[PDB]
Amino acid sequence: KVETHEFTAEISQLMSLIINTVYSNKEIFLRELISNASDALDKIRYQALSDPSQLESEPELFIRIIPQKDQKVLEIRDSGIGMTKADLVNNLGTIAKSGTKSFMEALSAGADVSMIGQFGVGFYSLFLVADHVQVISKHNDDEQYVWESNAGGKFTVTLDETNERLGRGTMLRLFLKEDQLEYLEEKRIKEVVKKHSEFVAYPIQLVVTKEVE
């Protein structure tokens, strides 16, 4: 059951700008998504300080990076607070109208794209390396949903009947551009994490698939 929605115009504008930019330091996308994951984990930790049972849906707090070489997909999963269906529509398709406009104005003045996080819209940096994204999310007391975008003007939200259960949290599935496949490689991912994400309160786990010989 696929619900189609339209992006706020200025979010559409910024996705188009990012997906087309030729910026040469695209690895900063991973810092931004890890920072979003850490923020989500902060929120469930805050709730769990009052009510520890909120952790029981997924007791381990983590950020996990899962390259899917066969699919040309990079997944970034967290066990943070997650997003409801209404959140997905609101958080990703509408709110952040302010940050997107201020950031585009800053770009026109000469700002570096790596400053995107300071306007609160670092999520959209994923379009530096991906042309399509699914956001799978599960909030306590709500169902698991999938939000899907191709940087155009429409997104969809669907009850998730096809992905692994998250327990609680969010998984971004980045469909990488054909010239950005370096970010499926263990060595490259490690380099970028160590360079830009040294001060993160949660374990950053990398899933590596190796042949037994």
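Note that the rigid core is defined as the largest set of C-alphas that superpose within 1.5 Å between two forms. Start at 1 with the first residue shown and count on from there.
**Student:** With the rigid core held as the alignment frame, decide whether 22-30 or 181-189 lies farther from the shown form in 9 other deposited structures of this protein, in terms of RMS C-alpha distance.
**Tutor:** It is 22-30 whose C-alphas lie farther from the shown form in 9 other deposited structures of this protein.
**Student:** Would you say which of 60-68 and 153-161 moves more relative to the shown form in 9 other deposited structures of this protein, going by RMS C-alpha distance with the core superposed?
**Tutor:** Once the core is superposed, the stretch further away in 9 other deposited structures of this protein is 153-161.
**Student:** For the higher mean C-alpha B factor in the entry, choose 191-199 or 8-16.
**Tutor:** Per the PDB record, 8-16.
**Student:** Going by the B-factors listed in the PDB entry, is the mean over the C-alpha atoms higher for 98-106 or for 115-123?
**Tutor:** Comparing 98-106 with 115-123, the higher average CA B-factor belongs to 98-106.
**Student:** Choose from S149, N163, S38, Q47 the residue with the greatest Cα B-factor as stated in the PDB record.
**Tutor:** Result of the comparison over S149, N163, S38, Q47: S149.
**Student:** Between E58, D70, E32, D51, which one tops the list for Cα B-factor in this entry?
**Tutor:** The record points to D70.
**Student:** Would you check the entry's CA temperature factor for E178 and let me know if it's in the chain's lowest, middle or highest third?
**Tutor:** Highest third of the chain for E178's C-alpha B-factor.
**Student:** Within this chain's modelled residues, let me know which third the CA B factor of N140 belongs to: lowest, middle or highest.
**Tutor:** For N140, whose C-alpha B-factor we compare with every modelled residue in the chain, the answer is the middle third.
**Student:** Just say lowest, middle or highest third for the CA B-factor of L128 relative to the other modelled residues in its chain.
**Tutor:** Middle third, going by the recorded CA B-factors of the chain.
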